Each structure stands twice: as structure tokens, then as C-alpha cells.
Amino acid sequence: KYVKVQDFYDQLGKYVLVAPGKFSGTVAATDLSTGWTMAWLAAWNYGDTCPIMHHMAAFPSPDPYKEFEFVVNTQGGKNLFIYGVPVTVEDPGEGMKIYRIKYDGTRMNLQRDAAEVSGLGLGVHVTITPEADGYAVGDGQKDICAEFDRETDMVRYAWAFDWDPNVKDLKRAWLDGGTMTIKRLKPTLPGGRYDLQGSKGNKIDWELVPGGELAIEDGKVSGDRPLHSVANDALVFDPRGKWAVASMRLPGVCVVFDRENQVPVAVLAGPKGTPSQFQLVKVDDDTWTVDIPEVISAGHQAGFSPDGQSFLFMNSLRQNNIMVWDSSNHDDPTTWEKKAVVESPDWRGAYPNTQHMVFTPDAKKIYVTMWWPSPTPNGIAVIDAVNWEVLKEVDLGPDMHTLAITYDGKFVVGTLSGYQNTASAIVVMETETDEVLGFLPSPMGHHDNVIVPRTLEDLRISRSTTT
């Protein structure tokens, strides 16, 4: 007559959920097949004085239950002050650490801080290369992104991005257009090291929050150089190799980068009402510019479909939609043309913003989150990724964040994070008929979650191709 929660877990499979907790200061791996946390780590134990555990991505492991590795980064300084929490810390740490952590079959082991190895500290999205030989991090306080070597944690290339607005006033700096510079960023210290750990490099004193594009324009974000901000978000990888795409929130574009040859090749134009691309101009061997006549909308989330045939960029706030390019020609990204826009009448207000996304392994469906400020219920939209139409929206709870998916394609596992002070949980949805099977405890503020992949192929639908 009693129900055994074990019966629930039995159907999910031998998959390991990993998620960091933002203001909780912790990261945890969970065994979906038993309901046990496998191990957890509190960064404060390692002298971290502002352990805002932000983004993460895990390398493929042949058996996650015996061992896996992952990267998780952190944020600090004034980012401690921007949620509902009445924080009382004098002199927070600066964050921007890039921690390397290994689960050994029993515990998590801190291996090192890659920001100290490389010299470069970055605080927003973390992705793995499709070869699983490296990883990338973006940051929108410094506006730098880089790909790092897995074995030595040294920077393979870093790029730095700057805004030169047509109108020198915060309110019009983006709307009235400008020129973005893409700059090769090279080390300064012995050892080929950067001098950019912690708050070194910050043009603004915290990451822009959702809608925070309005706050910066209204002069309400402090920083040394807000007029120069582009708010880089992510550096996402083409599952086919060669290309990395850096997303830029404030000017509403993506830059496609040639990873091995270390040049940008194409600028994708996000908003409805813009061409497929803007023109990339080379200024010298290390400097490119791109001219943006006006910014119609900021964008945010960016990602490839697991076969690399589609590239997506979400417009956010001013427009709320999913922009889709035909990325089928792997040879030449200057040829990638817009082929669809996903819209809904639901999406006409400032909110919801269409954010984190995961594809099914066959690329036929996507799960994309719908984020709102308190107190509107946040949730998940099911998208037909062949016709480019919304199939359904399901309502979940406050502050929906990331989605991941079991590699068999059967279950979408996401996190809700309570705006750091309220309801938080793991959500499980089956993808056969798109029903929510329900919620597991998760006393954490997650802005990321992955399922540990086993193979290079699994990476195509983990934290590699999308955020």
C-alpha cells in the first residue's frame, strides 16, 4: 500500500546530475537511479571568501560512478549584493575563479584554480570542447572569452570585445548603434600568463541581470566603462568541430570564430528585422570591427543543434523569440542564412525571456525555459525543431534556470533556484508525452546543471553546444 520512491528512480536510468548552487556556496552530484547525493563540495572549505558557484560543464567519462571531471567558475565582488539576500559580508572575494574538480567514485576533490594557472579569471558560461580536450569560459563584466587546454589549463586563445557607441549616452548607447571591436587578447606575465584574475578587467561591477540591459542604459550599473560594455555571455561549440560562437547580449550579435586558426569569420545578427549577418571588417592582424546600425533587441542564449545543422540565438526583452540560422554549410559560416524565427503571442511582453535550451539527441525537439521575475510561475516550452513552432508550455515554479537531458533522450532534468532565497528544486519531465513527473529536493541556487556524459556524442546535447 505504500509507494517506494525507488520505483521512480528505476525508470530514470544510471545518470549523474551535477549542479553548482550560486549563493549556497556548494556544488553537488546526484545519482538519478537511487536519489542519493553522491558527493558535494563547499568552496568556503578551500578559503573561498565569495563562493558564488556559477556555471559548469562536465567532461565525458566512460563510467561517471567511478570517476568524472568537471569545471565550475565563480563570481564575486558586487554580484554578492544583487539578489534578495541581505548579505552582510565586508570585503567579499573577487570571484572569477575557474575551479577544476574530480569526483573519484567517493568524493569530490578540488584539483586547482585554472584562473591562477592561466592568469585569466572569467565568471559566466563554461562549456566543454566537442573533442573533450578543453573548455571555454565567457565573461560579461570583462567581455572576454577563451578556450583553455584541459591538461595544462593554459589559454589556447582569448578574445576581448569592446563597444564604441554612435551616441555617447548610456540611454542611447546601444539602441542608436555602434561599432564592436573584436581583439586578440595576449598574455603579459612570465610563463605566458594573464594578469586578469579576480576583478582585473571589469568594465562593470556586476553581471547584467535579465532585463539588466535597461538598468545599464539608465545609468544604474556602476563600473569603469559601461559605455564600452557588450556583455559577452558564452562561447558555444559547433558539434562538428572548427567553429566557436561567442554571444554578445547588449549589441544582439554572435561572432563565429575559427578555433584552430584564431580569427573571427562571421557576425550573426540577432533581432527580427536585421539581415542574417553584419559585415566583419579586419583592422590589423589582431583586430576586427563590426558595424551595427542600431540594436533593435539585446539577445542572450545561443546554441547549436546536435548535428550542427541549426544555430539558434534568443532575442530577450525588446523582442522575445528564437532566431534560427541554417548552419548546414560547415565549410563557410559567412554563408549561414536565417531560416526561421520561433515566436508566440505569449512572448509579447518584456517577460518571459526565452533562455536555456536542450535538444533531443535526434534534433527533432528542443526544450527551452521561460524566465520571469517573481512572482509569475516560470516554466518550459516544448519546440518542434523541424517546423520551428511551439508545441506546449508547462508551468513549474520560481526562477527556472538550466535544462539538461538524459543521453537516451527520455528525460529532461532542470533546476529552479528560488532567486537565491525561495523555492528551489530539481524538475524531471519525460519527453515522450512532455509531462512533468515532478520535483526532487535541491537546497541550492543553481544557474547550471549537466548530466555527466559518457561519450563525445553525448556532449552534443550537454554543456558544449548550448547553454
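Position 1 is the first residue in the sequence shown; the rest follow in order.
Taking the PDB entry as given, 339-347 carries the higher mean Cα B factor of the two stretches 297-305 and 339-347. Comparing 48-56 with 405-413, the stretch with the higher mean C-alpha B-factor in the PDB entry is 405-413. The PDB entry assigns its highest CA temperature factor, among 453, 13, 443, 25, to 13. Within the group 237, 99, 325, 103, the record's highest C-alpha temperature factor is found at 325. When the modelled residues of the chain are ordered by their C-alpha B factor, residue 427 lands in the middle third. When the modelled residues of the chain are ordered by C-alpha B-factor, residue 466 sits in the middle third.
Placement of the Cα temperature factor of residue 88 within the chain: highest third of the modelled residues, per the deposited record. In this PDB entry, residue 396 carries a Cα temperature factor that places it within the highest third of its chain's modelled residues. Ranked by C-alpha B-factor against the other modelled residues of its chain, residue 378 falls in the middle third.
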